[PDB]
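In: pasting the sequence and an experimental structure:
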Amino acid sequence: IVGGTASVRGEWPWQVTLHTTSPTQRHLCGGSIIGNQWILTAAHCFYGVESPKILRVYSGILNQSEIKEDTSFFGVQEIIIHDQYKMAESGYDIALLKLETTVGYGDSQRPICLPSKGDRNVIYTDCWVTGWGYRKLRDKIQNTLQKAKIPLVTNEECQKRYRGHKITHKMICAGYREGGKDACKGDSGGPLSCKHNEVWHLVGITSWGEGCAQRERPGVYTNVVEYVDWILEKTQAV
Ligand SMILES: CCOC(=O)[C@H]1CCCC[C@H](NC(=O)/C=C/c2cc(Cl)ccc2-n2cnnn2)c2cc(ccn2)-c2ccc(NC(=O)OC)cc2N1
């Protein structure tokens, strides 16, 4: 996260850190708890991930230093990538992880609500991006989960900012015209969380952008409200 500040423990209890153990264990991507065995994240996280056996999901984490060999994690039973996904810049950048065991909810780990059909028309004014990603293009994964408050940008404005790309309504953009606050490397898959009527909603999934926090280059997020039917199809299968 560029231009952000340290989160307080328990502030973003749906935020997870997904680690890969291959070739060595390291943070791979962010993700969000949406159900007791479900993490929503970005499909591009799994480029070259050949098996869910190499993944570890850590919840209730503020600092990456809390993770050692003896730290409990959730194994991944299945990786479900949207089958229209080709690459982040073309959309459908969404994936579900089905956990091997159930998350016991509490003050450190609980799900974030998905947006409702009616929420497609609401204007969110309190949106935050969180993650352990870089604070600049050439940096390292941060120990403490960072947060940044960022305004949503209309589809028309985002399209003007990305000449040569097709910004669809299945994407949602966020960022200041002058830049300065944005997601960066290591933040992808994490949430863009917006508070509406005192309830946090998972509005976006951190996906891509041209550089980090540049002027007139807002971050591009998967627009979660457009995938609620897909998420229910995969998580509520008979
Ligand atoms: C362990 C292997 O992990 C990996 O290969 C990647 C897998 C994911 C690939 C895409 C990902 N993109 C974003 O996170 C965000 C992009 C972005 C989003 C918005 Cl909305 C706006 C502007 C954006 N950017 C424009 N330029 N930068 N960001 C990314 C992540 C890393 C590097 C490059 N790109 C990366 C770096 C270090 C570690 N771990 C580590 O060092 O552990 C000790 C892990 C990873 N993950």
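Out: That came through, no problem. Numbering: from 1, shown residues only.
In: domain ranges for the protein?
Out: According to curated CATH domains, the chain comprises the domains 1-12+112-226, 13-111+227-238.
In: ok, which of those domains comes nearest the ligand?
Out: When these are compared for distance to the ligand using C-beta to the nearest ligand atom, the nearest one is domain 1-12+112-226, at 2.6 Å. Where C-beta positions appear, they are placed from N, C-alpha and C, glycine not excepted.
In: the closest one and the ligand in contact?
Out: Yes: Domain 1-12+112-226 is in contact with the ligand by C-beta under 6 Å from any ligand atom, via 133, 141, 182-188, 206-209, 211-212, 219-221.
In: again, but for stretch 34-45
Out: Yes: using C-beta under 6 Å from any ligand atom, we find that stretch 34-45 touches the ligand at 44-45.
In: end-to-end on that stretch?
Out: 18 Å (C-alpha to C-alpha, to the nearest Å).
In: center of this structure - which residue?
Out: Centre of the chain computed as the mean C-alpha position; nearest residue by C-alpha atoms, centre = their mean is residue 190, 1.8 Å away.
In: go through the domains of the chain and pick out the most buried.
Out: Highest mean neighbour count among the domains of the chain (mean count of other C-beta atoms under 10 Å): domain 1-12+112-226, with a mean of 19.
In: quick one: that domain to chain centroid distance?
Out: Relative to the chain's own centre, domain 1-12+112-226 is displaced by 8 Å; criterion: C-alpha atoms, centre = their mean, to the nearest Å.
In: also stretch 23-34?
Out: Centre-to-centre, stretch 23-34 and its host chain are 10 Å apart (C-alpha atoms, centre = their mean).
In: as a check, name the ranges of all strands in this structure.
Out: With DSSP state E, the ranges of strands along the chain come out as 5-6, 15-20, 26-35, 38-41, 55-58, 74-81, 95-99, 127-131, 146-149, 152-153, 171-174, 191-196, 199-208, 219-223.
In: can you redo these as CSV with distance to residue 229?
Out: Listed next are those as CSV, based on distance: least, C-beta to C-beta, whole Å:
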stretch, distance to residue 229
strand 5-6, 36
strand 15-20, 23
strand 26-35, 14
strand 38-41, 14
strand 55-58, 24
strand 74-81, 14
strand 95-99, 13
strand 127-131, 23
strand 146-149, 29
strand 152-153, 22
strand 171-174, 17
strand 191-196, 19
strand 199-208, 15
strand 219-223, 13
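In: closest to residue 117 out of those?
Out: Nearest to residue 117, of all those, is strand 199-208, at 12.6 Å by C-beta to C-beta.
In: what packs against that closest one?
Out: strand 26-35, strand 38-41, strand 127-131, strand 171-174, strand 191-196, strand 219-223 (3 or more C-beta pairs under 8 Å, 6 or more residues apart in numbering; DSSP states H and E).
In: perfect, that will be all.
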